[PDB]
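Given next, in structure tokens, is a single chain: the form deposited without the ligand.
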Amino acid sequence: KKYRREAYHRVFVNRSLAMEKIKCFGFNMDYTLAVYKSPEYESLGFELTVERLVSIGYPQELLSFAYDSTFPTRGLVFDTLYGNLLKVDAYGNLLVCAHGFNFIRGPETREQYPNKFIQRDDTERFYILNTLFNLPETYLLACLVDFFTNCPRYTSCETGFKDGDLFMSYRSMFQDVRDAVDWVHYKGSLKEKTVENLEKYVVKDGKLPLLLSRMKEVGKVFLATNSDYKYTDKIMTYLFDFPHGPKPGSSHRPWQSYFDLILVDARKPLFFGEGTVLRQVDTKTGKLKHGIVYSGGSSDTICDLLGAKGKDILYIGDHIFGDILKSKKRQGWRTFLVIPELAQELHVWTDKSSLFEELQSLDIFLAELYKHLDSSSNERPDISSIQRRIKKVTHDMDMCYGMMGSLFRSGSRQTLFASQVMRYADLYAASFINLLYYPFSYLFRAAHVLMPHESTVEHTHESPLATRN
């Protein structure tokens, strides 16, 4: 019955955060300030990766692939041994298995996966596709596995395919894809084609300069991106290209004026440990040597330049980092995780309420059938129909998110990705722009995660085996 802001404006709270204590707002650029348009940006990365793979010898049918945003979900595991995409829970239990576009059923999942379980720490065999840049790669791996499996020129093996005399393991194929994505991002034409048509590929919104200017009135604001200065300058200039400043009627000002500290070539995640040598960019040439642009460095250096403490820093961005080093080197930043998928997922939550409602009433009906039964009862009520309907309606709900289900769950089970969100992120939202709807004095209060004995037991007011006498 408490007041809550409209859902699509909310910032969600994993751990409590008193915003009045925040003195510095730090930002990633890609997919945080620079939100890339979907599906256009993924298709561009898809198309460039396919072209690079064809350029190194992959067959011409790759050019008939077309990126399909309805297939990939972030956080899938590619098993390089069997060429499968796996959606797993926090502990490695298998929730979904797809070989190419063929979704593997419960029983035959066991043939390849004993106990429907993988050792997700075996980074030699399993690659976790966690990032927004990974999305085209996820769809591509399925396309290739699908193409080779059904093309007669190839004989399918359990761990790969035979191209004439050549055996190509799925692991070797995966490394070709991984290398080709990297090439496209770092040597290929991806940045050039993005920059030459910013309107098609990058979101633009006047709420961004407005929010960042309000942040700079209460604290310091900094940028730490892995991109180089040239690419950063093009992107940020575009993001702030309006015929006014923070508010309508005010003069436009340069994007740089919004930041107390600008840092490019960050080399994250190494940035958060030792980092690299702190350099400084010549703004004119964009080559190396307020108003200063830094290069490389470390999070510790940034902390000292801004005269701040880790807990005073709210770091806003799209990447999930690991717990490494946080038990030794002090000063850990607070974190805001941008999760774009939340916008569509919140729509499913409200626009598909019919599915959720029926699942609830099916569970209510079940409880009624067993209301009067205990271990003394030999009645075995028929629930096979109810069970079938629950499986079907749960499958419909999953499919409302796409072919690989919700980012956060699969049926009743939370995903590995969801558990990483709850580890990593103090706050999270579809976009950082939702901070616009909260004052900078706000106390963000953590939402409780109830366990079964809490969510199903009212506060409303015995065998000694339970009580230990």
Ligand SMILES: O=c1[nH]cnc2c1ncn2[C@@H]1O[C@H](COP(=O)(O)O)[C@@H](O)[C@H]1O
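All residue numbers refer to positions in the sequence shown, first residue = 1.
Another form, the form solved in complex with the ligand, is not on view; read the next lines as being about it.
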| property | result |
| --- | --- |
| Single option in 281, 337, 397, 181 placed near the ligand in the bound PDB entry, where near means a heavy atom within 4.5 Å | 181 |
| One residue of 140, 221, 224, 86 in contact with the ligand, assessed in the bound PDB entry (non-hydrogen atom, 4.5 angstroms) | 224 |
| Partner-proximal stretch of 349-357, 226-234, 154-162, 301-309 relative to the ligand in the bound PDB entry, 4.5 angstroms, heavy atom | 226-234 |
| 4.5 angstroms heavy atom contact with the ligand in the bound PDB entry for residue 147 | no |
| Non-hydrogen atom contact residue 42 with the ligand in the bound PDB entry at 4.5 angstroms | no |
| Residue contact check: residue 29 to the ligand in the bound PDB entry, 4.5 Å heavy atom | yes |
| Residue 216 within 4.5 Å of the ligand in the bound PDB entry, heavy atoms | no |
| 185, 191 and 318 each touching the ligand in the bound PDB entry (heavy atom, 4.5 Å) | yes |
| In the bound PDB entry, residues of 253-280 near the ligand [heavy atom within 4.5 Å] | 268 |
